[PDB]
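Listing of query.txt; format and content: compact mmCIF, C-alpha atoms and all ligand atoms.
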```txt
# COMPACT_ATOMS: atom_id res chain seq x y z
CA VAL C 1 111.98 117.34 85.67
CA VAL C 2 113.03 120.92 85.07
CA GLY C 3 115.18 122.64 87.67
CA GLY C 4 115.83 119.34 89.41
CA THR C 5 118.90 117.82 91.04
CA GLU C 6 120.24 114.27 90.83
CA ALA C 7 118.53 111.99 93.34
CA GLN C 8 120.55 109.75 95.67
CA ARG C 9 120.30 106.19 94.36
CA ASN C 10 118.33 104.91 97.34
CA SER C 11 116.01 107.89 98.03
CA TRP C 12 112.95 106.89 96.01
CA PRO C 13 112.81 103.08 95.88
CA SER C 14 109.15 102.89 94.64
CA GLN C 15 109.96 104.81 91.41
CA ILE C 16 109.79 102.83 88.16
CA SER C 17 110.60 103.51 84.49
CA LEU C 18 107.95 102.46 81.99
CA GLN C 19 109.64 101.70 78.66
CA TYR C 20 108.47 100.64 75.18
CA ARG C 21 110.24 98.56 72.57
CA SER C 22 111.62 100.77 69.83
CA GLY C 23 113.22 98.70 67.08
CA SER C 24 115.98 96.64 68.70
CA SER C 25 116.05 98.68 71.87
CA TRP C 26 113.86 100.00 74.65
CA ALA C 27 113.13 103.61 75.38
CA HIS C 28 111.84 105.36 78.51
CA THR C 29 108.40 106.85 78.09
CA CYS C 30 107.09 107.67 81.55
CA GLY C 31 107.29 107.06 85.27
CA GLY C 32 105.14 105.22 87.76
CA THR C 33 105.11 103.82 91.29
CA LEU C 34 105.38 100.27 92.51
CA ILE C 35 102.38 99.64 94.80
CA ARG C 36 102.42 95.82 95.13
CA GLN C 37 105.15 93.39 94.27
CA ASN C 38 103.30 92.80 91.02
CA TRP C 39 101.33 96.04 90.48
CA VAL C 40 102.42 99.48 89.20
CA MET C 41 100.44 102.70 89.25
CA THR C 42 100.92 105.21 86.44
CA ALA C 43 98.92 107.75 84.41
CA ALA C 44 96.25 106.57 81.94
CA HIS C 45 97.57 108.83 79.16
CA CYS C 46 100.94 106.96 79.40
CA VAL C 47 99.37 103.75 78.11
CA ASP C 48 97.13 105.31 75.47
CA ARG C 49 99.40 104.05 72.70
CA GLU C 50 99.29 100.43 71.50
CA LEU C 51 102.94 99.64 72.34
CA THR C 52 104.88 96.75 73.96
CA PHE C 53 105.79 97.91 77.50
CA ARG C 54 108.17 96.79 80.23
CA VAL C 55 108.76 98.08 83.70
CA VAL C 56 112.20 98.66 85.14
CA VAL C 57 112.57 98.84 88.91
CA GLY C 58 115.73 99.76 90.79
CA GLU C 59 116.73 102.00 87.90
CA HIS C 60 118.94 105.09 88.38
CA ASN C 61 120.82 105.86 85.18
CA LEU C 62 118.88 105.11 82.03
CA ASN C 63 122.07 104.85 79.93
CA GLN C 64 124.41 102.73 82.12
CA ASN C 65 124.28 99.45 84.04
CA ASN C 66 123.58 100.29 87.72
CA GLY C 67 123.71 96.68 88.89
CA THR C 68 120.33 96.93 90.65
CA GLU C 69 117.73 96.86 87.84
CA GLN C 70 115.00 94.23 87.50
CA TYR C 71 113.16 94.17 84.17
CA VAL C 72 109.60 92.83 84.08
CA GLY C 73 106.97 92.62 81.35
CA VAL C 74 103.53 94.18 81.65
CA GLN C 75 100.88 91.45 81.67
CA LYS C 76 97.64 93.45 82.01
CA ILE C 77 96.67 97.11 81.81
CA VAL C 78 93.64 98.46 83.69
CA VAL C 79 92.84 102.09 82.90
CA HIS C 80 90.24 103.95 84.93
CA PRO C 81 86.87 103.33 83.25
CA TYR C 82 85.96 107.06 83.10
CA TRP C 83 89.25 108.09 81.48
CA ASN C 84 88.87 109.88 78.16
CA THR C 85 92.03 110.50 76.12
CA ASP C 86 90.96 113.77 74.50
CA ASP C 87 89.95 115.27 77.87
CA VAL C 88 92.81 115.04 80.39
CA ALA C 89 91.26 117.98 82.27
CA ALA C 90 88.21 115.86 83.11
CA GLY C 91 90.51 113.78 85.29
CA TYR C 92 90.57 110.04 85.98
CA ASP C 93 94.14 110.00 84.63
CA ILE C 94 95.23 106.81 86.35
CA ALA C 95 95.98 103.19 85.39
CA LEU C 96 97.25 100.08 87.07
CA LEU C 97 99.61 97.63 85.42
CA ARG C 98 99.88 93.99 86.49
CA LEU C 99 103.43 92.74 86.08
CA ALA C 100 104.30 89.32 84.61
CA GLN C 101 106.41 88.40 87.63
CA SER C 102 106.63 89.80 91.14
CA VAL C 103 109.68 91.91 91.79
CA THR C 104 112.03 91.36 94.67
CA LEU C 105 112.21 94.04 97.36
CA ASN C 106 115.53 95.49 98.56
CA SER C 107 116.96 98.90 99.37
CA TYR C 108 116.48 100.05 95.74
CA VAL C 109 113.02 98.49 95.26
CA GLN C 110 110.19 99.11 97.74
CA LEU C 111 106.44 99.55 97.67
CA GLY C 112 105.15 103.09 97.51
CA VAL C 113 103.09 104.11 100.53
CA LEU C 114 99.70 105.58 99.64
CA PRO C 115 97.86 108.26 101.63
CA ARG C 116 94.69 107.43 103.52
CA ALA C 117 91.52 108.02 101.48
CA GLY C 118 90.24 111.60 101.30
CA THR C 119 93.50 113.17 102.51
CA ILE C 120 94.16 116.70 101.15
CA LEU C 121 97.44 118.56 101.60
CA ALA C 122 97.41 122.07 103.13
CA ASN C 123 98.57 124.92 100.87
CA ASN C 124 102.34 125.11 100.54
CA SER C 125 103.04 121.51 101.75
CA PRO C 126 106.59 120.26 100.95
CA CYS C 127 106.70 117.73 98.08
CA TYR C 128 109.24 116.31 95.63
CA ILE C 129 108.53 115.29 92.09
CA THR C 130 110.91 112.62 90.75
CA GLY C 131 111.58 111.31 87.26
CA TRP C 132 113.66 111.08 84.11
CA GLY C 133 111.66 113.61 82.13
CA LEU C 134 112.98 116.45 79.95
CA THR C 135 115.31 118.74 81.85
CA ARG C 136 114.14 121.80 79.86
CA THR C 137 111.06 122.63 77.81
CA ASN C 138 111.63 120.99 74.39
CA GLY C 139 114.85 119.48 75.80
CA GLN C 140 116.08 115.92 76.31
CA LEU C 141 115.43 113.23 78.94
CA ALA C 142 117.71 113.11 81.96
CA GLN C 143 120.15 110.23 82.22
CA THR C 144 119.96 109.95 85.97
CA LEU C 145 116.85 110.17 88.14
CA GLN C 146 116.06 113.78 89.05
CA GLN C 147 114.16 115.29 91.92
CA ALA C 148 112.66 118.75 92.42
CA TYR C 149 111.10 120.47 95.38
CA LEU C 150 107.53 121.55 94.47
CA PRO C 151 105.30 122.97 97.27
CA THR C 152 101.57 122.25 96.82
CA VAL C 153 99.12 124.94 95.68
CA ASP C 154 95.67 124.40 97.12
CA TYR C 155 92.53 124.00 95.05
CA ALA C 156 91.17 127.47 95.91
CA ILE C 157 94.24 129.08 94.47
CA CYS C 158 95.02 126.76 91.56
CA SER C 159 91.44 126.94 90.35
CA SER C 160 91.47 130.77 90.29
CA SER C 161 91.61 132.66 86.99
CA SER C 162 95.32 133.52 86.92
CA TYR C 163 96.26 129.87 87.61
CA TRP C 164 94.37 126.99 85.94
CA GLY C 165 90.77 128.11 86.31
CA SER C 166 88.15 125.38 85.95
CA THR C 167 90.58 123.11 84.12
CA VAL C 168 91.65 121.89 87.58
CA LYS C 169 89.27 119.64 89.57
CA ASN C 170 89.15 118.55 93.22
CA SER C 171 90.32 115.09 92.08
CA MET C 172 93.70 116.71 91.30
CA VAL C 173 96.65 118.18 93.24
CA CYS C 174 98.79 121.08 91.94
CA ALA C 175 102.35 121.74 92.98
CA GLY C 176 105.09 124.17 91.96
CA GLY C 177 104.36 127.03 89.53
CA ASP C 178 107.35 129.21 90.56
CA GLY C 179 108.59 129.28 86.95
CA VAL C 180 111.88 127.51 87.72
CA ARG C 181 110.94 123.96 88.76
CA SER C 182 108.28 121.63 87.34
CA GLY C 183 107.36 118.32 85.76
CA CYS C 184 108.02 117.92 82.01
CA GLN C 185 107.50 115.37 79.23
CA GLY C 186 108.59 111.89 80.30
CA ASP C 187 107.70 112.58 83.94
CA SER C 188 104.03 111.70 83.45
CA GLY C 189 102.75 108.79 85.52
CA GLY C 190 105.46 109.43 88.08
CA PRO C 191 104.99 110.19 91.75
CA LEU C 192 104.62 113.31 93.77
CA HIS C 193 106.04 112.41 97.19
CA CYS C 194 104.89 114.52 100.15
CA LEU C 195 106.13 114.42 103.71
CA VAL C 196 103.24 113.86 106.10
CA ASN C 197 103.73 113.07 109.78
CA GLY C 198 107.36 112.25 109.16
CA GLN C 199 106.78 109.77 106.33
CA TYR C 200 106.87 110.37 102.55
CA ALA C 201 103.76 109.11 100.78
CA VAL C 202 102.79 109.24 97.12
CA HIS C 203 100.03 111.81 96.89
CA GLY C 204 100.04 112.45 93.18
CA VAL C 205 100.49 110.81 89.79
CA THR C 206 101.92 113.37 87.33
CA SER C 207 99.20 114.22 84.78
CA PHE C 208 99.79 117.45 82.80
CA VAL C 209 101.61 120.76 82.46
CA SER C 210 100.84 123.89 80.43
CA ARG C 211 101.25 123.76 76.64
CA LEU C 212 103.03 127.10 77.18
CA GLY C 213 106.01 125.14 78.49
CA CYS C 214 106.86 123.04 81.50
CA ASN C 215 108.13 125.63 84.01
CA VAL C 216 105.64 128.50 83.65
CA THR C 217 104.76 130.92 86.44
CA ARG C 218 101.28 130.23 87.81
CA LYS C 219 100.85 127.04 85.87
CA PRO C 220 101.80 124.48 88.51
CA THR C 221 102.26 120.86 87.46
CA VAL C 222 98.96 118.99 87.83
CA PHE C 223 98.74 115.53 89.35
CA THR C 224 96.00 113.00 89.78
CA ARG C 225 95.15 112.98 93.51
CA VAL C 226 95.87 109.43 94.60
CA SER C 227 93.80 109.74 97.79
CA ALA C 228 90.71 110.17 95.60
CA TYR C 229 91.23 106.68 94.10
CA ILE C 230 92.07 104.45 97.06
CA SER C 231 88.89 102.37 96.73
CA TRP C 232 89.27 102.05 92.98
CA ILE C 233 92.84 100.83 93.40
CA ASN C 234 91.85 98.31 96.11
CA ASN C 235 88.96 97.07 93.97
CA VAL C 236 91.08 96.51 90.89
CA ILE C 237 93.77 94.69 92.76
CA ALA C 238 91.23 92.59 94.70
CA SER C 239 89.46 91.59 91.46
CA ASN C 240 92.61 90.77 89.47
NA NA C 301 120.56 101.65 84.35
```
As structure tokens, how would this structure be written, given the file I've shared?
Amino acid sequence: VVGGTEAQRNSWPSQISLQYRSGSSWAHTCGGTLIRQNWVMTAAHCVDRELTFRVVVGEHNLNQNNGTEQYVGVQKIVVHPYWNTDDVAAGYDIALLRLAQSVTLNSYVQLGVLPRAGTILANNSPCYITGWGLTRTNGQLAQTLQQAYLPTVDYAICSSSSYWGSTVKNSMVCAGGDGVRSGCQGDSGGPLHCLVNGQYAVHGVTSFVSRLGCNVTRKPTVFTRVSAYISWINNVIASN
């Protein structure tokens, strides 16, 4: 997250770190959201590679013991059936991961609340992106969980020529684009939390930014719109 600030350790209890085994160690690769005690939602493009993955919940500092982490293997990966790796702009950038064991809920570990199906945010709605992604274009991952305030940009605007044009679809949400704050590598799969009727819900799964850098004016971060996929999510979980 570029232009972010350190999150309080109990602000975003549905946030997870997806990590892969790298030699003798594990390394953070993207974010995601806990949606059942044994299911995680992330971006499809995060699990494109044939790696060994684990999920870490209750994480705050990637490089120190926080005393709150639970580590759990990924048992099954279900990517959206329409997803196509060489066409992120077509959408369907979403995947569910079944965990090997169910995690225990506490003040650091909670289920993410999803929006009702079909819900669309008005232009300029207040949202926070959270994650451990790069803190500058071509930079390094954050140690501690970061958050940034990124107001939504509605489809009519973000699909106009000076923004994303037809690369953005109605199945997506855009947020940010002020040139100071944005998502960045390592944030993919992570949540966009928006305050609706007094309650934060996860409205987006971070999907892509502009190859011209993370924080670029009029290239808001693009997220998969979770409220477009409520039935898909229910169906997968009901059938697995
Ligand atoms: Na830690």
Next on the checklist: As a quick test: using only C-alpha atoms and all ligand atoms, which residues lie no more than 8 Å away from ligand NA 301 (chain C)? Give them as an MDAnalysis selection string.
Outcome noted: chainID C and resid 59:69
Next on the checklist: Show me the residues around (119.7, 110.0, 91.3) - criterion: an atom at most 6 Å away, all atoms listed in the file counted - as a ChimeraX atom specification.
Outcome noted: /C:6-9,60,144-146
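Using only C-alpha atoms, the shortest contact distance between residue 57 in chain C and any of C:83, C:149, C:132, C:108 is found at C:108.
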Item to check | Between CA of residue 141 in chain C and CA of residue 188 in chain C, distance in Å (one decimal) | outcome: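 Computing it gives 12.4 Å between the two atoms.
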Next on the checklist: Restricting the calculation to all atoms listed in the file: of C:207, C:5, C:24, C:75, which residue gets closest to residue 97 in chain C?
Outcome noted: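 Closest candidate: C:75.
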Item to check | Distance query residue 23 in chain C at most 12 Å, all atoms listed in the file, self and fewer than 3 positions along chain excluded, as number ranges by chain | outcome: C: 20, 26-27, 51-52
Next on the checklist: Using only C-alpha atoms, which protein or nucleic acid residues come within 9 Å of residue 88 in chain C? Drop anything in the same chain fewer than 3 positions from it, and give the result as a list in words.
Outcome noted: residues 45, 83, 84, 85, 91, 92, 93, 207 and 208 of chain C
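Checking C:37, C:177, C:46, C:4 one by one against residue 106 in chain C, counting all atoms listed in the file, you find the shortest gap at C:37.
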Item to check | Pick from C:111, C:153, C:100, C:174 nearest to residue 16 in chain C, counting all atoms listed in the file | outcome: C:111
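Nearest-residue note for residue 12 in chain C: choosing from C:142, C:113, C:237, C:40, the minimum distance belongs to C:113, counting all atoms listed in the file.
With only C-alpha atoms as the atoms that count, the residue of C:173, C:123, C:114, C:147 with the shortest distance to residue 199 in chain C is C:114.
In this model, the gap between CA of residue 139 in chain C and CA of residue 154 in chain C comes to 29.1 Å.
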Item to check | Spatial neighbours of residue 232 in chain C, max dist 12 Å, only C-alpha atoms, sep filter under 6 positions, as a PyMOL selection string | outcome: chain C and resi 41+78-82+92+94-96+117+226+238-239
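Interatomic distance, CA of residue 128 in chain C against CA of residue 236 in chain C: 27.3 Å.
For the point (103.5, 125.2, 101.0), the residues with an atom at a distance of at most 10 Å are residues 121, 122, 123, 124, 125, 126, 127, 150, 151, 152, 153, 154, 175 and 176 of chain C, counting all atoms listed in the file.
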Keeping only C-alpha atoms, write the selected residues to a file as a short mmCIF file (atom, residue, chain, number, x, y, z; two decimals), in the coordinates of the input.
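After the write, part02.cif holds the following:
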```
data_model
loop_
_atom_site.label_atom_id
_atom_site.label_comp_id
_atom_site.auth_asym_id
_atom_site.auth_seq_id
_atom_site.Cartn_x
_atom_site.Cartn_y
_atom_site.Cartn_z
CA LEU C 121 97.44 118.56 101.60
CA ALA C 122 97.41 122.07 103.13
CA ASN C 123 98.57 124.92 100.87
CA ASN C 124 102.34 125.11 100.54
CA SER C 125 103.04 121.51 101.75
CA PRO C 126 106.59 120.26 100.95
CA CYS C 127 106.70 117.73 98.08
CA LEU C 150 107.53 121.55 94.47
CA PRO C 151 105.30 122.97 97.27
CA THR C 152 101.57 122.25 96.82
CA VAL C 153 99.12 124.94 95.68
CA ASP C 154 95.67 124.40 97.12
CA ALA C 175 102.35 121.74 92.98
CA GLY C 176 105.09 124.17 91.96
#
```
N, CA and C atoms restored at range 7-43 of chain C, emitted as a tab-separated table (two decimals), keeping the file's coordinate frame:
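Okay, this is what ended up in selection-v8.tsv:
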```tsv
chain	number	residue	atom	x	y	z
C	7	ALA	N	118.96	112.70	92.14
C	7	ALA	CA	118.53	111.99	93.34
C	7	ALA	C	119.62	111.01	93.85
C	8	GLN	N	119.67	110.78	95.16
C	8	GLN	CA	120.55	109.75	95.67
C	8	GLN	C	119.97	108.39	95.24
C	9	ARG	N	120.81	107.38	95.04
C	9	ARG	CA	120.30	106.19	94.36
C	9	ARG	C	119.35	105.35	95.21
C	10	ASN	N	119.31	105.61	96.51
C	10	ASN	CA	118.33	104.91	97.34
C	10	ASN	C	117.23	105.77	97.97
C	11	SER	N	117.04	106.99	97.47
C	11	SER	CA	116.01	107.89	98.03
C	11	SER	C	114.54	107.55	97.71
C	12	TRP	N	114.30	107.05	96.51
C	12	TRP	CA	112.95	106.89	96.01
C	12	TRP	C	112.76	105.48	95.45
C	13	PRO	N	112.77	104.48	96.34
C	13	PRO	CA	112.81	103.08	95.88
C	13	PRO	C	111.49	102.57	95.25
C	14	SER	N	110.38	103.32	95.34
C	14	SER	CA	109.15	102.89	94.64
C	14	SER	C	109.02	103.41	93.20
C	15	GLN	N	109.95	104.25	92.78
C	15	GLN	CA	109.96	104.81	91.41
C	15	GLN	C	110.31	103.75	90.36
C	16	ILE	N	109.53	103.71	89.28
C	16	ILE	CA	109.79	102.83	88.16
C	16	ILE	C	109.89	103.61	86.85
C	17	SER	N	110.54	102.99	85.86
C	17	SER	CA	110.60	103.51	84.49
C	17	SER	C	109.73	102.64	83.61
C	18	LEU	N	108.74	103.22	82.95
C	18	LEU	CA	107.95	102.46	81.99
C	18	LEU	C	108.60	102.70	80.62
C	19	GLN	N	108.94	101.61	79.93
C	19	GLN	CA	109.64	101.70	78.66
C	19	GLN	C	108.88	100.95	77.55
C	20	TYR	N	109.10	101.36	76.31
C	20	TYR	CA	108.47	100.64	75.18
C	20	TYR	C	109.55	100.20	74.19
C	21	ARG	N	109.24	99.15	73.45
C	21	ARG	CA	110.24	98.56	72.57
C	21	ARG	C	110.25	99.43	71.34
C	22	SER	N	111.43	99.90	70.98
C	22	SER	CA	111.62	100.77	69.83
C	22	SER	C	112.70	100.12	68.97
C	23	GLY	N	112.28	99.46	67.89
C	23	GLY	CA	113.22	98.70	67.08
C	23	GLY	C	113.89	97.58	67.86
C	24	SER	N	115.21	97.69	68.02
C	24	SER	CA	115.98	96.64	68.70
C	24	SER	C	116.23	96.98	70.16
C	25	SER	N	115.74	98.15	70.56
C	25	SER	CA	116.05	98.68	71.87
C	25	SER	C	114.79	99.00	72.66
C	26	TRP	N	114.98	99.59	73.83
C	26	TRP	CA	113.86	100.00	74.65
C	26	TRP	C	114.09	101.45	74.96
C	27	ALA	N	113.01	102.19	75.09
C	27	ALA	CA	113.13	103.61	75.38
C	27	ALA	C	112.17	104.02	76.49
C	28	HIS	N	112.65	104.88	77.38
C	28	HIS	CA	111.84	105.36	78.51
C	28	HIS	C	110.72	106.22	77.99
C	29	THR	N	109.50	106.00	78.48
C	29	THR	CA	108.40	106.85	78.09
C	29	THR	C	107.74	107.58	79.25
C	30	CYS	N	107.63	106.95	80.41
C	30	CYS	CA	107.09	107.67	81.55
C	30	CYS	C	107.47	107.01	82.86
C	31	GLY	N	106.93	107.55	83.94
C	31	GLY	CA	107.29	107.06	85.27
C	31	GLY	C	106.09	106.33	85.81
C	32	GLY	N	106.21	105.91	87.06
C	32	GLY	CA	105.14	105.22	87.76
C	32	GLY	C	105.66	104.84	89.12
C	33	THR	N	104.80	104.20	89.92
C	33	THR	CA	105.11	103.82	91.29
C	33	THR	C	104.75	102.37	91.53
C	34	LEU	N	105.65	101.63	92.14
C	34	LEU	CA	105.38	100.27	92.51
C	34	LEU	C	104.45	100.29	93.73
C	35	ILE	N	103.29	99.65	93.65
C	35	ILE	CA	102.38	99.64	94.80
C	35	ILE	C	102.10	98.25	95.38
C	36	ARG	N	102.34	97.20	94.61
C	36	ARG	CA	102.42	95.82	95.13
C	36	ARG	C	103.61	95.17	94.46
C	37	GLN	N	104.04	94.01	94.95
C	37	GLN	CA	105.15	93.39	94.27
C	37	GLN	C	104.88	93.11	92.79
C	38	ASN	N	103.60	92.99	92.42
C	38	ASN	CA	103.30	92.80	91.02
C	38	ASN	C	102.33	93.82	90.45
C	39	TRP	N	102.19	94.99	91.08
C	39	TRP	CA	101.33	96.04	90.48
C	39	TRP	C	102.03	97.40	90.46
C	40	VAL	N	101.86	98.13	89.36
C	40	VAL	CA	102.42	99.48	89.20
C	40	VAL	C	101.30	100.45	88.91
C	41	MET	N	101.41	101.65	89.48
C	41	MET	CA	100.44	102.70	89.25
C	41	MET	C	101.12	103.74	88.36
C	42	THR	N	100.41	104.19	87.33
C	42	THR	CA	100.92	105.21	86.44
C	42	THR	C	99.74	106.06	85.93
C	43	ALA	N	100.00	106.93	84.97
C	43	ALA	CA	98.92	107.75	84.41
C	43	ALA	C	98.25	107.00	83.24
```
